[PDB]
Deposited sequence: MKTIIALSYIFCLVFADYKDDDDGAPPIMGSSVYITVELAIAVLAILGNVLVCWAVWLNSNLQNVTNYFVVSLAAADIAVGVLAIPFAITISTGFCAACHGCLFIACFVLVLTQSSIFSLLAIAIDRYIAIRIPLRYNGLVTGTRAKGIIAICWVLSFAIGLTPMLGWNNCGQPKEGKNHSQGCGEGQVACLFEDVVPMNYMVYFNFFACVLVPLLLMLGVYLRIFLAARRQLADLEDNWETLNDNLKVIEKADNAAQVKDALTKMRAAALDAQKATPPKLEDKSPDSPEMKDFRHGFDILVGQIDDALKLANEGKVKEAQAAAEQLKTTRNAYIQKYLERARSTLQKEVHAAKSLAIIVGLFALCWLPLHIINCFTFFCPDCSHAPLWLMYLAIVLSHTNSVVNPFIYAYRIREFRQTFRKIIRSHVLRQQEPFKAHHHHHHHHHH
């Protein structure tokens, strides 16, 4: 067989290339949030926590991955730390992505409550807690769910390790039942499915809010035409009562309020006329509503549509991040599933293991590109930093 060092050199070179790009791109994310007060919101606190996890992939996880690829002699608990530390960073990533999804869900479902439910101070506490939980989940093998008690004596003696030491190889020390049931099913797949469910609920909420606006609009316009071609007070009365309901629903910022005050007032004026049986004076009064609609209501309608469209576009941007996370991490998990559940199956070849590892690391490069391409405030701030400071 080809000398192992040849394939190792290609692996190490690619890992270091990923490390540099993971560090530089994610430092730029953090720098941008620092510089630009417009990026300093709770959602971006989770973005920075995720960027920190991706920097730590370049600074620590990749060097650990290079180290463990050599099968060097190590005390089994030191070996476990090096093997498992990336699981902490990946778990931290999952918690940040989950927090972002829920943050955007609260923002679209209860916008008025959002700013007092979701504060900076609560976000900082949630981020600290998520990082502690990530250490506990990812280093669970150090608490005794490990293969340190069943060492590979053949490998130990062939590598010439001293006593207490193992040839530090991931699949020799980390149990595959931990990797498949606990890490993959419980800690990764379940949160990814929850995130899918939350984004689905975001898109369903946006669409139902957009449909309700458009229906309120149409209720207004249709009742305006019912009133015109009407033939008695009871017709005009019914249509006006519908419009009034629709108008109070649409309402649920001074120039905004003035607009709906004019509209509802005009409706109520045309409502009192109708009740007195004055059909033509009611109908005339209702013709006033058209200029109020054109001048105030159509403006609020279009601002509300535009806001919802921006929230959908932002939610799409953030969901793409979750999909690339899944794309980058699932192959390694699926390989572990084959290793674990198919003992009759040939183990995935080494080159495929290392490709899946490298792909998982590439996840720590991509998010800065998604922010630059999809989010104007990031793109513009990256431009300022690159021009001014490079």
Handout entry: Missing residue ranges, deposited sequence indexing starting at 1
Key = 1-23, 276-290, 429-447
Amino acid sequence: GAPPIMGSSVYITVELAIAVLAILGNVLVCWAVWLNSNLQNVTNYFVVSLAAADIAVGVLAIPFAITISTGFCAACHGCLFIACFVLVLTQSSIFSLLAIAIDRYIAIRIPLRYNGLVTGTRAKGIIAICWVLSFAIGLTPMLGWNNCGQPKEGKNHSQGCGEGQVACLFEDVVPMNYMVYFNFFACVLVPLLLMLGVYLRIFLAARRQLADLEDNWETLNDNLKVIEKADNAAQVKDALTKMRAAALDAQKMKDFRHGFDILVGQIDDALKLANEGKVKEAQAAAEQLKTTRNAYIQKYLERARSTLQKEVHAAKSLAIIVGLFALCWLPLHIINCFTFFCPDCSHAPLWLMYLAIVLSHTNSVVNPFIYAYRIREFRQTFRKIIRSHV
From here on, numbers count along this sequence of modelled residues.
Practice task
Read off the CA B-factors in the entry, average them over 57-65 and over 342-350, and name the higher stretch.
Solution key: 342-350
Handout entry: Of 378-386 and 15-23, the one with larger mean CA B-factor
Key = 378-386
Handout entry: Highest-ranked of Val236, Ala128, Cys168, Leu192 once sorted by CA temperature factor in the record
Key = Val236
Fill in the blank from the handout: From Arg104, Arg122, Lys155, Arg257, the top C-alpha temperature factor is at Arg257
Handout entry: Third assignment of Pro141 from its chain's C-alpha B-factors
Key = lowest
Completion exercise
Of the three thirds of Cα B-factor ranks in this chain, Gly116 occupies the highest
Fill in the blank from the handout: In terms of its chain's C-alpha B-factors, the third that includes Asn221 is the highest
Handout entry: Cα B factor band for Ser317 (lowest, middle or highest third within the chain)
Key = middle
Practice task
Going by the recorded CA B-factors, say which third of the chain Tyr300 sits in, lowest, middle or highest.
Solution key: highest
